[PDB]
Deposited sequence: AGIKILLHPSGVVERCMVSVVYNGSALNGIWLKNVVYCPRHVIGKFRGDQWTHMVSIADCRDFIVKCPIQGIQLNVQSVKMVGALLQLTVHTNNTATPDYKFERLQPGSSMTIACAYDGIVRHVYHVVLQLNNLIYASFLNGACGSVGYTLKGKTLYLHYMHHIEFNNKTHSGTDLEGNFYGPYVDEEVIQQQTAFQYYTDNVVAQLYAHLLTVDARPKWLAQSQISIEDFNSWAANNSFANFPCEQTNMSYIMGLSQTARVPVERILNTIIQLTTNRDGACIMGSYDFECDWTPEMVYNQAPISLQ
């Protein structure tokens, strides 16, 4: 019935976005219950263990907190730094607060970005947390505080809040608890990123999506097979993660192998052979944007 990069509706996140201004720094934040969560560097660009002293002397009323979607100006009563985030307790309780959970995202999974500016989500796109704990997104100045999220069943799952943009078009941040993804920090210094490794489960997923939609026999789908052990011994020297990266993803890769009648050993052997050739499918594989769940949930069984 069609296989697309699906995203989660942003209406629930939209009504909770607020703009936060302190001194000359401005960014975004989410207003849950009577608390506003925003990047802690909205009060200044510090480093190390000097954050605890600035939050202790943080002028509560110096925070300009506006919810543009509800037209309310909020008043910060107390400031509590939790990790790399600020929990600003306001007097007003957000009526638009949904059922929510603070859930950490595993590398290789997908989430939806509510890219906001001045407290208003302007764009919405889909990223995948990579093995180097980074995402390849689109963020300009004033996008700090934009949240990555997913929806399950009338409950909103918050996983991300934007902080830093690395020059290789990669981005990093914390969860809604204040813990950075990877060893990166919210400091303007030299930060080395871990070696990029392919999330094999998503490379296999992106291959099955072509086999479901290309309809024509791909000239890159090899006629041989390679086993999981032979692949994992090869993956250690070819920048590929251990397959399977997630046992739950196998249940989807297994349904994809039966609905396409192409065994997973055919895809792994192709991945080994397709290292020499294609990545983008431009005219005449190898990507982590398709997840095994998103492909299987859209495939006819």
| query | finding |
| --- | --- |
| Deposited sequence positions missing from the model - stretches, numbered from 1, in order | 285-287, 305-307 |
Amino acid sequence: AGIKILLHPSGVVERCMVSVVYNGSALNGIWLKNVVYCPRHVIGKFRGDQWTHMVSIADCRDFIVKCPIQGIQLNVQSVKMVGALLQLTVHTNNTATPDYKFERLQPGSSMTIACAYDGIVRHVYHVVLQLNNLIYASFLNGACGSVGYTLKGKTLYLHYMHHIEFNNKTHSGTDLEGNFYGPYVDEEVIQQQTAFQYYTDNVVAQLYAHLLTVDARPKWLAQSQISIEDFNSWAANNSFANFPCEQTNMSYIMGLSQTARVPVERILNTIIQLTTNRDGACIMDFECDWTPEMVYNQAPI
From here on, numbers count along this sequence of modelled residues.
| property | result |
| --- | --- |
| Greater mean Cα temperature factor according to the PDB record, 189-197 or 112-120 | 189-197 |
| 102-110 or 219-227, whichever carries the higher mean Cα B-factor | 219-227 |
| Candidate set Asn238, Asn34, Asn28, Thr248 [ranked by C-alpha B-factor, highest] | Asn238 |
| Deposited CA B-factor, highest of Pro263, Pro39, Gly44, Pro244 | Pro263 |
| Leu158 - Cα temperature factor, lowest/middle/highest third of chain | lowest |
| Modelled-residue ranking by C-alpha temperature factor, third containing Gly280 | highest |
| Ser146 by Cα B-factor - lowest, middle or highest third of the modelled chain | lowest |
| Record-listed C-alpha B factor of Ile301: chain third | highest |
| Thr174 by Cα B-factor - lowest, middle or highest third of the modelled chain | lowest |
